[PDB]
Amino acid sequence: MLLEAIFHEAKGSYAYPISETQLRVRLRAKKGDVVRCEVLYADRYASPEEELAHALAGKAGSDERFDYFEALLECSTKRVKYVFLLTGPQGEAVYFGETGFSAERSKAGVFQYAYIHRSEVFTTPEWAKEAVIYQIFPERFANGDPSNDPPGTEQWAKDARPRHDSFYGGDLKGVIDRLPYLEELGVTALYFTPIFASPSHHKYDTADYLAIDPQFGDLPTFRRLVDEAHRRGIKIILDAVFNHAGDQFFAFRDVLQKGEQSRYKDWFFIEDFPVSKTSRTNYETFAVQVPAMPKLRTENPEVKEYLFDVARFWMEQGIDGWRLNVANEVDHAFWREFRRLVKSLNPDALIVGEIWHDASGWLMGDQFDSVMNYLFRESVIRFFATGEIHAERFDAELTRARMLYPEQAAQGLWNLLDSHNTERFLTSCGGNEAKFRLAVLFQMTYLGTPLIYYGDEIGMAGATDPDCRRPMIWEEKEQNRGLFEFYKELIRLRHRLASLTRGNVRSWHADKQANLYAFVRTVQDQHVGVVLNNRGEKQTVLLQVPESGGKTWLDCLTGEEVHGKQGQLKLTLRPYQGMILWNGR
């Protein structure tokens, strides 16, 4: 077996503690090469003339080239060491350790996890674990106070097809007036996009971090929303744009005035002075060269404390967490101290990061709790909507990303279908609601936090900005209540099955020819298995169901019942039908 292709490291995503006495270990190797992989360990200082402990590393999954094994090590003391024992297709074991590969346990070496400090155990909020959140674009959700509307605020109709200039008067007031609907849907939190004082129409160029933009509301109405949302089991996550600021930022506009004379000149990455010409950027901007957005020197103690204050202020109003905008561009130092702040000032506050590449570094339990699962959305779009990938690839992609980070974080990724920055999903699906529903079913059942884009729950359709940003349909008789109802159930069903919340995943069936997939979430003994038949035809499949831990399941959706013949579960699914089989456990 190709040992060059075998991996492990006493850290990060391959060696972390799941408590102050237990230690998780993952190891990978080529798909095929390894059959059995057991981990032999013992307390580090333990005397040589003693016995080692054992533990069978279970094959947790396989992507398009590797096989992943995972096993839990019991460390009564917080100190531990350990070596692997990888077997191949021909029972020819090998020992894997910090020194290399060798036949003799000793010559193999031994990995080491010095000590497991209780303060370094990845720990995320409890409500977070079982959430289901609703992304809200304030301006397009609901207008509850037409006074605050900006001039020429075009009319609010289902026939609207907004362009880059539209305004509709969406505000905080309406959001409050709709709390009832929101509550009915079953969401347990509302992640808002930016809402602080800003000139633009998106509010990403903060003008006053400490004040709600006028057109949306005021500190009173916000507290109103926070209080009114809370007493309904719904929390409030806000978009913190720390990477860069708005050119109306008090600090910045001063540097434009005073110049080198300003006490805030070293608060930005400015070229020379003059600064902020019509377009020629005489300073560093968050993007390629956007004028209205000068980068904030987050390494600077002044800048750092200012935002940390902007942080303490808003949490005083009772918000439950932050969605870190373009997080991957501020010093880990800042990000670490941020957590310490936020968390001392509130243990259940959630820090969700937005990184568009590998976020492993920020996900070691000392910075973000989770980040946007941009990977999930790709595997979802290409599998259900475009049909660019079959269920074997869909299994691969999902599985490879699942192994990307410590479970604490894996379990917390915000799985979304779309955003305000993308065409609506029902559109990506062509309009074939059969496909949409299927994807949603998967979303409401897969590992991680489902994130609902305002509107999709009842039928919205559209192209990336600004067509996806159409005004929310409230007219009872223009909302796909079938959908809305479909959502509610899934959502409730998700809250019910303690397996679909804190469980893990495991691939159960993949048929590249049938384009049918299926996985299994398991918490204790409880098993729930989702059978997704993604194809415009009716099919039948025999899912390997060892009669061991369950030989009869109930379809949580259509209540139908069913059992397994000789450990083989026969099933037939209507086109695009999806099945959620429970094992009662």
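Residue numbers here begin at 1 and follow the sequence given.
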Higher avg CA temperature factor (180-188 vs 152-160, as deposited) belongs to 152-160
Do the C-alpha atoms of 555-563 or of 530-538 have the higher average B factor in the entry?
555-563
Between 367, 298, 281, 428, let me know which has the highest C-alpha B-factor in the entry?
281
By the entry's C-alpha temperature factors, tell me which of 432, 386, 262, 399 sits highest.
262
For residue 135, does the deposited CA B-factor place it in the lowest, middle or highest third of the chain?
lowest
Among modelled residues of the same chain, the CA temperature factor third for residue 24:
middle
By the recorded C-alpha temperature factor, relative to the other modelled residues in its chain, which third is residue 76 in?
highest
Chain thirds of CA B-factor: placement of residue 104:
highest
Tertile call for residue 459 (CA temperature factor, within chain, third-based) is the lowest
